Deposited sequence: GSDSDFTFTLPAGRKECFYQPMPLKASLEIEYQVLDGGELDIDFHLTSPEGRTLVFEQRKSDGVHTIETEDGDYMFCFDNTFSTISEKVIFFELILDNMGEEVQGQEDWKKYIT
């Protein structure tokens, strides 16, 4: 399917969200690990295409969550709005699956 991983720096006082469109009845899996900065803790957020929260966790160093998906835009976020001063270095890995033919599907 799609195995994808990145490591990015998140300034203090900032929340950053990422959008991931999905087929219907695919399977999104996300995993994160805070690597550096502060108490190595982050707030993690995962909302449905409808705006419904599917995952919310405060001050975590790591987490894993998997979904059976609807068809829409899923957004996951990493929140460091609580830290004054200390930045955070976050690693996350997105794994898409169960998706079965053009550039339309490819670009979105």
Practice item. Go through the deposited sequence from residue 1 and tell me which stretches lack C-alpha coordinates, in order. Key: 101 to 103, 112 to 114
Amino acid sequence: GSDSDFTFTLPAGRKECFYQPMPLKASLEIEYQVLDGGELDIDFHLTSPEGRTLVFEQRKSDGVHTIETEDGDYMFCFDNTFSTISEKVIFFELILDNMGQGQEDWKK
From here on, numbers count along this sequence of modelled residues.
Practice item. Could you tell me which third, lowest, middle or highest, the C-alpha B-factor of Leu10 occupies within its chain? Key: lowest
Practice item. Grab the CA temperature factor for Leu24 from the record and place it in the lowest, middle or highest third of its chain. Key: highest
Practice item. Taking the values exactly as deposited, rank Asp62 by C-alpha B-factor within its chain and report the matching third: lowest, middle or highest. Key: middle
Point to revise | Third assignment of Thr81 from its chain's C-alpha B-factors | key: lowest
Study note, to complete from the structure: On the chain's distribution of Cα B-factors, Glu93 falls within the third called middle
